[PDB]
Amino acid sequence: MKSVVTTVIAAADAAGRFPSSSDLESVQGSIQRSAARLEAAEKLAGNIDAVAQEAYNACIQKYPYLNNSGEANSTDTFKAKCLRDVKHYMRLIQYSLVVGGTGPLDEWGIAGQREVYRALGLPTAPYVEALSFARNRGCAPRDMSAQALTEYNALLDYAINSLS
Amino acid sequence: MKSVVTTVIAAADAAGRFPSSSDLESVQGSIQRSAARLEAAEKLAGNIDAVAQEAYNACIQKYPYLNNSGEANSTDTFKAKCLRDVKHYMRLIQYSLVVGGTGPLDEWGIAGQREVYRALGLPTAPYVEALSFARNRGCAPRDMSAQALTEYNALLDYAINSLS
Amino acid sequence: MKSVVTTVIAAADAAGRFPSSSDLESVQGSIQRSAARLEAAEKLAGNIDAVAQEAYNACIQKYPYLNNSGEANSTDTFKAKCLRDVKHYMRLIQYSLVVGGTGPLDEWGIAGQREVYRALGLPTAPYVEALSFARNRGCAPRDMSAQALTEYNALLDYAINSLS
Amino acid sequence: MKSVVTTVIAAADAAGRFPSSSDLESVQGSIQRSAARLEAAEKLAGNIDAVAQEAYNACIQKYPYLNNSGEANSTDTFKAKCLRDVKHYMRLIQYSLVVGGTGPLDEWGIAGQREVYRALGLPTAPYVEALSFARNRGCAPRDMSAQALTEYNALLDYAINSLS
Amino acid sequence: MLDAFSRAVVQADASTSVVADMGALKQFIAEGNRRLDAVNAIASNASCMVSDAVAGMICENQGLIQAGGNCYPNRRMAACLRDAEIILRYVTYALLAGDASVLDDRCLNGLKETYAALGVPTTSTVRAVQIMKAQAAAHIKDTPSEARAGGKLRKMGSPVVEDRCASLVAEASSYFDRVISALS
Amino acid sequence: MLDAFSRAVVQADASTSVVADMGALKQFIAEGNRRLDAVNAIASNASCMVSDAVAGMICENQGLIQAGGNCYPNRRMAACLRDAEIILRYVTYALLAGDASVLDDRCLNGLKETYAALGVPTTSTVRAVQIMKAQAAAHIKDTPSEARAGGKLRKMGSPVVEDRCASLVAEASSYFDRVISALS
Amino acid sequence: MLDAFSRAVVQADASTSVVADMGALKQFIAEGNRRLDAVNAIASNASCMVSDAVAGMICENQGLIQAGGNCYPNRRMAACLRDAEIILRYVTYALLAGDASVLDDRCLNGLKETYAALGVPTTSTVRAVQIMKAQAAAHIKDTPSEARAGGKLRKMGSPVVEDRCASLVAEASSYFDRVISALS
Amino acid sequence: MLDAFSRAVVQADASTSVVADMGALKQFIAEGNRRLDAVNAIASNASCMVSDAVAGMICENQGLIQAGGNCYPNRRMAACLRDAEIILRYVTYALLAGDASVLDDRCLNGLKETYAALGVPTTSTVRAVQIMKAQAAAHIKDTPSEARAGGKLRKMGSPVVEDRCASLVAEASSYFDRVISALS
Ligand SMILES: *C(=C)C1=C(C)[C@@H](Cc2[nH]c(/C=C3N=C(/C=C4\NC(=O)[C@H](C)[C@H]4[C@@H](*)C)C(C)=C\3CCC(=O)O)c(CCC(=O)O)c2C)NC1=O
Ligand SMILES: *C(=C)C1=C(C)[C@@H](Cc2[nH]c(/C=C3N=C(/C=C4\NC(=O)[C@H](C)[C@H]4[C@@H](*)C)C(C)=C\3CCC(=O)O)c(CCC(=O)O)c2C)NC1=O
Ligand SMILES: *C(=C)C1=C(C)[C@@H](Cc2[nH]c(/C=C3N=C(/C=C4\NC(=O)[C@H](C)[C@H]4[C@@H](*)C)C(C)=C\3CCC(=O)O)c(CCC(=O)O)c2C)NC1=O
Ligand SMILES: *C(=C)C1=C(C)[C@@H](Cc2[nH]c(/C=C3N=C(/C=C4\NC(=O)[C@H](C)[C@H]4[C@@H](*)C)C(C)=C\3CCC(=O)O)c(CCC(=O)O)c2C)NC1=O
Ligand SMILES: *[C@@H](C)[C@H]1/C(=C/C2=NC(=C\c3[nH]c(C[C@H]4NC(=O)C(C=C)=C4C)c(C)c3CCC(=O)O)/C(CCC(=O)O)=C2C)NC(=O)[C@@H]1C
Ligand SMILES: *[C@@H](C)[C@H]1/C(=C/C2=NC(=C\c3[nH]c(C[C@H]4NC(=O)C(C=C)=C4C)c(C)c3CCC(=O)O)/C(CCC(=O)O)=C2C)NC(=O)[C@@H]1C
Ligand SMILES: *[C@@H](C)[C@H]1/C(=C/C2=NC(=C\c3[nH]c(C[C@H]4NC(=O)C(C=C)=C4C)c(C)c3CCC(=O)O)/C(CCC(=O)O)=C2C)NC(=O)[C@@H]1C
Ligand SMILES: *[C@H](C)[C@H]1/C(=C/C2=NC(=C\c3[nH]c(C[C@H]4NC(=O)C(C=C)=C4C)c(C)c3CCC(=O)O)/C(CCC(=O)O)=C2C)NC(=O)[C@@H]1C
Ligand SMILES: *[C@H](C)[C@H]1/C(=C/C2=NC(=C\c3[nH]c(C[C@H]4NC(=O)C(C=C)=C4C)c(C)c3CCC(=O)O)/C(CCC(=O)O)=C2C)NC(=O)[C@@H]1C
Ligand SMILES: *[C@H](C)[C@H]1/C(=C/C2=NC(=C\c3[nH]c(C[C@H]4NC(=O)C(C=C)=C4C)c(C)c3CCC(=O)O)/C(CCC(=O)O)=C2C)NC(=O)[C@@H]1C
Ligand SMILES: *[C@H](C)[C@H]1/C(=C/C2=NC(=C\c3[nH]c(C[C@H]4NC(=O)C(C=C)=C4C)c(C)c3CCC(=O)O)/C(CCC(=O)O)=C2C)NC(=O)[C@@H]1C
Ligand SMILES: *[C@H](C)[C@H]1/C(=C/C2=NC(=C\c3[nH]c(C[C@H]4NC(=O)C(C=C)=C4C)c(C)c3CCC(=O)O)/C(CCC(=O)O)=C2C)NC(=O)[C@@H]1C
Ligand SMILES: *[C@H](C)[C@H]1/C(=C/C2=NC(=C\c3[nH]c(C[C@H]4NC(=O)C(C=C)=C4C)c(C)c3CCC(=O)O)/C(CCC(=O)O)=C2C)NC(=O)[C@@H]1C
Ligand SMILES: *[C@H](C)[C@H]1/C(=C/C2=NC(=C\c3[nH]c(C[C@H]4NC(=O)C(C=C)=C4C)c(C)c3CCC(=O)O)/C(CCC(=O)O)=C2C)NC(=O)[C@@H]1C
């Protein structure tokens with residue numbers, strides 16, 4: 001699972017090296033940056049249902065056709081699963097903020113996603129709109145410090161780009 | 001050449017990835033740590049001849065037999081070259097402090113060194129001794145800050161270990 | 001283990017061949033040359049202690065600094081192990097004389113040797129000097145025939161070269 | 001071209017080795033054995049037409065059907081090339097005696113022979129019969145020394161085996 | 001590959017000298033956080049940039065999507081989008097390292113040859129790259145126009161300074177220019 | 001592999017929950033500099049450690065260097081010195097990550113079985129590991145003795161606290177113990 | 001692989017002793033020319049041996065060449081022929097070396113398991129090796145019968161002695177026995 | 001590769017005729033023991049020859065160990081020592097074989113263009129080879145000076161004749177000259 005430290009460790013192992021100067025430096029960056037992304041991680045943990053709800057709302061508002069007969073938001077099951085999905089991505093982003101690398105989102109969110117949505121005729125635009133709404137939504141210092149919002153937003157764009 | 005940023009870029013490229021979270025964080029480490037190693041690097045640059053002179057002096061003192069006829073410190077040419085060699089290592093170390101990775105020392109100092117000394121019958125222990133003297137020599141705050149000294153000593157230990 | 005016959009069998013096997021003309025011929029060479037190397041082998045077998053003792057003696061006389069505190073010939077244990085080591089090389093030469101190939105020397109002496117001496121901080125010059133002494137010591141017909149001595153010397157140079 | 005010396009050289013080169021004890025011993029094998037095989041090569045050089053002629057004769061007298069219309073010895077051109085073929089093998093055998101390895105016969109005679117003879121519908125039994133006659137024909141010391149004849153026979157049997 | 005600092009060391013090694021002037025390097029450190037925002041701004045909007053740039057290349061030259069055009073059929077179009085993203089990705093490596101060597105060595109080397117062999121048109125590629133050049137500047141300065149972005153407009157929200165990281169803009173643009181140069 | 005953080009992430013995902021216990025992690029952070037020192041302390045002394053330990057293993061059991069001994073002849077001695085270094089290397093990886101997975105996965109998995117096939121003595125390997133465990137503890141606490149080191153003594157010069165990083169020493173030791181538990 | 005001499009060396013090294021008794025070694029040398037003749041005798045008639053031995057295995061067991069038999073159809077017959085030759089080849093290597101290790105390490109190691117997975121009948125394999133063993137012995141003594149050979153009879157013309165290389169016949173036979181032994 | 005004998009065979013096969021002249025091959029055999037001494041003389045002193053030749057190449061051209069020099073830094077010095085040894089090794093192969101083809105095919109072919117692509121200096125390469133040519137001649141004649149060897153002097157102890165193997169010395173030199181011709 002990719003983080004600052006697993007990345008320098010994997011590269012060191014590939015060359016049969018002990019951790020050296022640049023490996024310790026790298027991890028000090030993870031030390032430096034942890035406050036910002038853990039603040040984001042804690043804020044997101046405390047408020048994930050609300051954040052996910054309003055992103056979900058926004059994507060259905062953008063695309064009301066999803067509510068039409070036989071479309072992907074048309075039943076109670078489907079509505080519940082769509083919100084769950086939005087939540088999944090946000091929880092995986094909470095994980096990535098904790099880890100300090102895209103690892104959790106890479107492995108449990110992005111990998112396989114396009115296959116899954118293809119197989120089930122799930123349009124990807126509503127996913128992108130849910131995440132884009134959440135990306136444009138936060139502001140500092142109301143929601144979190146500016147550097148914490150930077151981390152939050154960076155992982156949202158990373159998720160967005162993975163679908164784009 | 002191995003540095004913080006070249007290591008994460010190479011890992012990124014290998015997986016076809018844009019720079020992401022953990023990559024930027026790593027470089028923030030390089031940012032936080034530069035003052036230390038650049039302080040050491042600056043001090044080393046200004047005093048490299050005196051620093052290498054006394055390391056060289058210390059290794060010859062450990063092994064006076066080097067002075068006997070036909071030994072590796074026995075002539076004016078050999079003497080000048082032995083001092084030069086110590087200074088080469090110290091300069092590669094200054095380079096490696098500037099870079100914040102062992103790159104310059106790996107590629108321009110360590111790579112091939114054992115072949116060369118073996119082929120010319122140059123005993124390795126005087127090299128290790130010069131560097132060990134240098135490693136034990138510094139004290140903070142007298143010589144530089146405690147973190148600068150830490151950076152300085154790690155590169156010396158790194159080079160020592162390459163001959164050990 | 002490299003000898004005349006295992007070399008040609010390995011070559012034949014790699015090309016899926018029965019032994020042929022050039023293989024029998026090679027082995028005829030082993031037969032012809034055996035008298036000389038077996039002569040040296042027997043001479044060495046009967047007198048290896050004395051042969052190794054004086055070679056060992058010559059390397060310490062060459063490098064008395066080895067007797068200094070902390071150095072590789074400084075204690076009784078260290079001293080026994082260095083003489084032992086000189087006898088190891090000579091016994092592997094004895095083996096190589098019997099086999100008619102550098103096999104025994106290669107696998108049980110040279111392989112890994114530089115790594116061991118580097119890790120233990122054992123200087124290689126004294127090994128080279130004991131073997132060079134041995135190499136320069138013999139003369140024919142006094143110690144054995146000229147052809148026996150040529151075999152004996154060639155394997156000493158082989159061991160010396162492996163350390164240079 | 002496979003001989004005693006190229007075989008040991010190729011093995012040394014694959015291991016990045018200077019010539020060593022077993023390589024020189026091998027070439028001594030060539031020195032020792034060359035008298036016998038050069039004696040055979042010289043006898044063959046001087047008498048190859050007569051030796052080929054009778055081997056050729058014997059295979060046709062063994063298989064008269066080859067003289068039938070459409071068959072491989074039925075025309076003057078066919079007759080001339082069949083004799084020529086037998087002389088080819090004998091010449092390559094003469095080359096292999098000189099070289100002291102099967103090289104010449106391997107590369108210039110055996111490689112591809114089955115594909116050729118298959119393509120042109122040439123039966124291999126008459127080839128084998130000509131060579132078998134030649135192999136049973138010699139006797140020592142009438143034709144050459146016993147060891148010269150051993151060398152001669154070994155290459156004939158080598159050819160025979162390659163067609164069997 | 002090299003970065004900003006090991007590039008300085010390579011220059012010092014040419015005369016076997018120690019690195020004495022760290023002024024340019026201290027500065028690189030001083031603008032460290034800017035560099036990261038600049039990289040973040042490009043990587044975060046990479047997908048929008050690539051599709052917008054390739055689409056722009058095509059809307060200005062319809063021949064690319066007509067019979068015998070190099071963005072016809074679907075797999076040529078896909079290949080092109082891929083190449084535009086590859087190019088941007090290596091530019092982002094160079095901006096992250098402060099040095100063009102990763103770009104020169106792993107991307108541009110033999111690129112002109114490859115394109116020549118495949119009949120990929122130099123002129124159209126250059127224009128795609130030119131658009132990406134324009135985009136990255138705006139994103140580095142954090143002044144993208146709603147006119148070009150519509151609903152896809154992104155603001156990065158970095159601390160604003162008067163020149164809006166002009167020297168980083170120039171450097172990023174020099175990397176794009178290298179690309180174009182390798183094709184010319 | 002996992003690190004201390006992705007480990008907590010994995011444990012949370014097992015109930016598809018967000019990570020809420022952010023105390024141990026905050027703690028991990030607050031001692032981040034000590035961890036780096038701890039790693040630096042081992043790596044910088046790795047060669048002295050490895051050779052001292054294997055030599056220590058031998059001086060306690062001369063069987064290893066006699067006829068039929070598993071450190072005889074040279075190439076076996078070299079092989080053992082090599083292995084010692086490998087294990088120390090992975091342990092230091094585990095310490096830097098603050099998680100044992102890299103060690104379990106890339107080093108220990110199938111190690112006992114390998115040694116069984118080769119006839120590499122379990123007792124002796126474990127001893128060498130025990131000696132390095134004691135070495136690592138001393139260097140992390142920055143209290144190595146001149147008695148064990150001689151002229152090769154090294155002082156790290158880290159900011160001293162009273163418990164001399166007792167927690168990290170425990171962690172480091174728990175990784176060497178995973179080695180020992182694996183080999184026996 | 002080992003040969004007769006390095007086998008002795010391996011045995012001396014087990015007690016880190018010089019090789020003192022060169023009696024068997026001196027005898028090996030004295031019978032060196034014999035050994036070369038015995039290897040020449042087998043290599044020179046290998047094809048006739050292989051074919052006669054496989055055909056004799058078959059004529060004594062017609063089941064091998066009926067439906068369900070392991071020498072049916074053509075490609076199985078070919079594969080068997082090849083195995084007989086491969087076996088004979090490794091036996092000649094051993095005989096030339098004066099040691100079975102090359103035979104052991106490169107041919108017999110895992111042969112049993114390989115045959116068991118493919119369903120190669122051990123009983124029949126054994127018969128083919130037996131015939132080669134009898135053939136080899138007769139060719140080493142240079143006493144093949146016209147009865148078993150017909151128009152394909154060969155004489156080596158080596159210098160005859162009383163026992164007709166009895167010791168080398170027993171050695172050669174012991175390599176064939178090892179083949180058969182490796183099968184269980 | 002070819003040897004002195006297969007060289008004759010190739011020449012003969014170019015007119016599909018038997019090798020008829022053997023007297024010259026007989027003379028090769030006659031000096032066979034000599035040739036083995038000549039080879040032993042170079043091989044046994046190879047390390048001393050390479051280090052001494054590369055050192056002399058350097059002491060005559062200091063540019064090589066100064067900034068920008070092709071024996072600077074360490075890895076370049078190590079490469080050069082490696083190349084001198086590789087060249088010496090193929091030269092001894094050629095002398096063992098009595099034919100240049102192994103030197104031509106495996107070492108010299110493509111080498112000039114390899115060095116031009118690296119900027120390995122011709123003048124210094126030639127000089128290194130020149131010194132090894134002078135060394136080789138003296139060791140084959142078994143007359144090396146104390147002046148050039150100091151305490152490293154080695155004497156071979158081979159049976160002395162008046163001309164001290166003049167044709168082998170000439171032949172050895174011709175192979176070194178082949179190297180010099182190839183590279184300049
Ligand atoms: C075809 C009819 C056609 C186009 C498609 C379009 C192509 C084009 N785009 C630009 C300039 C920019 N595009 C930008 C892209 C984005 N901005 C965002 O906020 C999102 C993340 C992203 C995707 C929409 C940006 C930032 C720019 C910079 C200019 C600006 O911000 O206004 C150009 C101009 C290129 C140049 O300046 O040379 C072109 C041609 N235009 C078309 O005609
Ligand atoms: C055989 C005669 C024999 C040994 C060899 C030796 C092995 C040994 N070593 C230790 C303990 C340590 N070794 C250390 C190593 C070093 N210290 C340094 O400063 C340098 C960098 C490095 C190389 C010499 C260290 C730090 C220790 C910790 C203890 C201390 O510092 O005093 C032990 C003890 C292991 C244990 O606890 O069981 C042994 C056995 N001893 C021999 O008898
Ligand atoms: C099936 C009908 C059937 C057979 C086929 C045949 C198989 C067989 N062969 C032998 C013994 C030998 N075969 C030899 C082979 C050769 N001798 C030669 O001169 C040429 C070069 C070569 C090929 C023909 C040799 C040398 C022997 C040894 C005996 C001898 O020489 O007289 C056996 C006997 C094996 C044994 O004793 O166990 C068998 C079964 N026999 C068949 O029944
Ligand atoms: C730099 C100051 C410098 C040198 C280094 C040195 C290089 C050099 N060496 C020779 C000649 C020989 N060197 C030989 C080597 C050896 N002799 C031995 O006994 C041992 C085994 C081995 C290593 C020391 C030999 C045999 C010779 C031949 C001459 C001789 O008298 O023995 C030369 C001369 C080469 C030539 O003629 O072109 C040089 C330049 N000389 C330096 O100036
Ligand atoms: C040009 C690129 C921009 C711009 C950039 C500035 N950023 C400044 C400060 C700053 N940026 C960050 C985020 C960055 N640092 C990191 O460690 C990581 C990821 C791990 C990122 C993305 C930080 C932490 C800081 C420092 C704190 C702060 O200043 O708030 C900055 C001010 C410093 C300077 O002048 O160099 C600038 C100018 N600003 C612009 O005007 C354009 C749009
Ligand atoms: C059992 C194998 C045989 C047998 C063998 C004998 N061979 C004897 C001598 C001999 N053989 C060769 C040929 C061999 N040496 C080689 O170098 C090569 C190829 C490179 C081969 C094939 C030679 C050269 C010699 C020596 C001839 C000479 O005297 O110059 C031999 C007599 C010596 C002894 O008693 O050992 C024997 C007995 N003889 C047999 O009875 C069976 C059939
Ligand atoms: C020029 C190279 C030398 C020189 C050489 C001579 N060597 C002569 C004889 C000789 N050398 C060997 C050893 C050689 N044969 C082997 O089988 C092996 C290794 C397996 C080696 C190294 C032997 C066995 C012999 C023959 C016995 C003897 O002569 O003592 C020799 C005399 C024969 C001849 O004239 O060709 C010469 C001249 N002599 C010189 O003057 C320079 C220094
Ligand atoms: C800055 C002044 C912005 C702006 C911000 C507003 N946000 C408002 C409500 C709101 N925002 C969020 C998302 C936020 N909560 C989180 O936990 C996280 C990340 C973990 C984020 C980004 C939520 C869930 C809510 C509803 C509950 C709440 O009031 O916080 C808000 C109130 C009015 C509204 O709902 O829109 C404001 C003003 N608005 C602006 O105009 C600038 C651009
Ligand atoms: C701390 C109180 C130590 C201690 C320190 C002393 N160092 C002395 C002289 C000295 N040290 C160095 C190395 C230093 N200069 C550099 O440029 C760098 C790295 C770039 C380092 C580590 C040098 C070159 C010199 C001589 C010139 C000078 O004094 O500045 C020193 C003076 C007495 C002496 O030379 O030994 C002291 C006391 N000494 C201690 O006992 C504690 C452990
Ligand atoms: C030739 C005349 C030389 C020369 C030879 C001397 N050697 C002397 C003693 C000596 N040499 C050895 C090594 C030798 N013995 C072996 O068993 C083997 C190899 C298996 C070798 C090479 C030993 C062990 C000894 C001491 C016991 C002994 O005397 O045999 C010697 C006596 C004086 C001395 O010890 O130096 C001589 C004269 N000396 C020369 O000046 C020419 C060049
Ligand atoms: C030994 C007494 C044999 C035997 C031999 C006979 N060979 C006869 C003629 C003959 N043989 C050859 C082949 C021979 N010449 C060569 O140049 C070479 C190799 C280079 C070999 C093997 C030829 C070409 C000829 C015809 C010319 C000639 O006479 O030399 C021969 C004369 C009668 C006959 O031709 O059959 C004899 C007696 N015959 C035997 O019965 C024993 C076993
Ligand atoms: C040293 C304290 C031991 C000892 C060790 C030996 N190990 C030998 C071979 C060997 N070791 C390993 C494990 C190593 N390789 C890895 O890749 C990793 C982790 C990623 C580890 C720990 C392997 C796979 C092998 C076999 C291949 C090889 O040779 O490297 C060895 C040689 C055994 C032999 O061939 O005889 C030794 C001597 N031996 C000791 O006596 C102490 C207790
Ligand atoms: C003939 C006397 C047997 C017999 C033999 C068959 N063997 C078949 C396959 C086979 N055999 C081997 C072992 C062989 N390959 C080697 O590399 C070596 C030693 C280096 C040896 C001894 C292998 C590996 C294989 C499988 C690959 C292959 O097909 O060649 C075989 C074919 C079985 C099948 O595919 O059905 C046969 C028939 N069969 C007999 O009936 C007699 C007893
Ligand atoms: C020493 C006398 C020279 C010198 C030599 C250097 N050679 C360098 C690299 C190099 N050399 C070769 C040829 C070598 N490899 C082979 O396989 C064979 C024959 C089989 C030979 C002769 C190659 C292919 C290469 C490049 C690849 C590699 O390094 O393996 C070299 C390093 C060049 C660089 O990286 O800049 C040096 C310094 N240099 C000198 O100054 C003297 C004249």
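Letters A, B, ... mirror the listed sequences (proteins, then strands); counts begin at 1. Indexing begins at 1, ligand by ligand and atom by atom, following the structure's order.
Between the CG atom in E/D83 and the OG1 atom in E/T125 there is a gap of 7.5 Å [rounded to 0.5 Å]. For the atom pair OG (C/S164) and CZ (B/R118), the distance works out to 9.0 Å, reported to the nearest 0.5 Å. From A/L131, atom CG reaches atom OG1 of A/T124 across 11.0 Å, with rounding to the nearest 0.5 Å.
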Where does ligand 7 get N/O contacts under 3.5 Å from the protein, atom by atom?
from, atom 1, to, atom 2, distance (Å)
ligand 7, 7 (N), H/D37, OD2, 2.8
ligand 7, 11 (N), H/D37, OD2, 2.6
ligand 7, 15 (N), H/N33, OD1, 2.9
ligand 7, 17 (O), D/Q28, NE2, 2.8
ligand 7, 35 (O), H/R34, NE, 3.3
ligand 7, 35 (O), H/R34, NH2, 3.0
ligand 7, 36 (O), H/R34, NE, 2.7
ligand 7, 39 (N), H/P159, O, 2.7
ligand 7, 41 (O), H/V161, N, 3.0

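Note on H/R148 versus H/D52: no salt bridge recorded, every NZ/NE/NH1/NH2 to OD/OE distance being 4.0 Å or above. A salt bridge links H/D163 to H/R34: at least one charged side-chain nitrogen sits closer than 4.0 Å to a carboxylate oxygen. In this structure, E/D142 does not pair ionically with E/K155, as no charged nitrogen and carboxylate oxygen lie closer than 4.0 Å. Of the charged side-chain nitrogens involved, at least one lies within less than 4.0 Å of a carboxylate oxygen, so that C/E129 and C/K62 count as a salt-bridged pair.
In the displayed structure, H/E60 atom CD is contacted under 6.0 Å by more than 12 heavy atoms of other residues, nucleotides or ligands.
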**Study point:** Criterion salt bridge (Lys or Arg N to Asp or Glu O under 4.0 Å) on E/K133 and E/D177, from CA distance to verdict
**Key:** CA-CA 8 Å; E/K133 179 175 179 180; E/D177 265 337; 2.8 Å; yes
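Contacts of ligand 1 (protein heavy-atom distance under 4.0 Å) are E/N45, E/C48, E/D52, E/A55, E/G56, E/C59, E/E60, E/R127, E/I131, E/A134, E/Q135, E/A138, E/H139, E/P144, E/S145, E/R148, E/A149, E/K152, E/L153, E/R154.
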